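A lone chain, given as structure tokens: the form deposited without this ligand.
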């Protein structure tokens, strides 16, 4: 069941995996939810995405202290928008090692974000170059191609049936692809399909702006993106 913790919501998805949710009252649209992940790997915790703000991200760390009570070894953030990187300063204040796509770190300042400490780079096939993602444990990082943004990355969780599409993927009942302001409309569909192909055994797809869904999230997202081309 959902756990309200201050202004955030936490939901256990699997034995060692929780979803964090935070909200930003954005004038013109409404109060927009964004989801990320928290993963326990043995005696440490790994975070995927910040909350929208530093204050909210500090609350994620407070929840982790209360409910898990193990050190956060690292965080990976999945592109240079506020929902994913808005809380970088809070992570740094906590002494957490941070990672993002090299391109996300490059784009961060102009997007109003603080860059992560470390840059991930990717092979031609999309898989992270392993030397750039040291000690990632069960986190398997994949660049699916440009879509929601040029820099969007995705994360599978080994030992689970979960893959995280971030803002690239919307659920199977979504009416649109959300914020396309920085999108690559020509490549979106192929990138969504590449995410699915990278994590073919994932049965639970987690994403930024929908609740967890089946792989129908991937097929529906790609089919909607076929219209963008």
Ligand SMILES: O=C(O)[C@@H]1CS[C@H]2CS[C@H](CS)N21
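Here, rigid core means the biggest group of C-alpha atoms that superpose within 1.5 Å across both forms. Numbering follows the first chain given and starts at 1. Residues that one form lacks are left out of the comparison.
Omitted from view is the form solved in complex with this ligand, to which the following refers.
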{"property": "Any non-hydrogen atom of residue 215 within 4.5 angstroms of this ligand in the bound PDB entry", "result": "no"}
{"property": "In the bound PDB entry, residue 26 touching this ligand (heavy atom, 4.5 Å)", "result": "yes"}
{"property": "Residue 45, heavy atom within 4.5 angstroms of this ligand in the bound PDB entry", "result": "no"}
{"property": "Non-hydrogen atom contact residue 209 with this ligand in the bound PDB entry at 4.5 angstroms", "result": "yes"}
{"property": "This ligand: the contacting residue among 167, 39, 202, 189 in the bound PDB entry [heavy atom, 4.5 Å]", "result": "167"}
{"property": "This ligand in the bound PDB entry: contacting segment from 121-129, 137-145, 77-85, 97-105, heavy atom within 4.5 Å", "result": "77-85"}
{"property": "Regions shifting between this form and the one not shown, defined as 3+ consecutive residues whose CA atoms all move 2 Å or more relative to the core", "result": "178-181"}
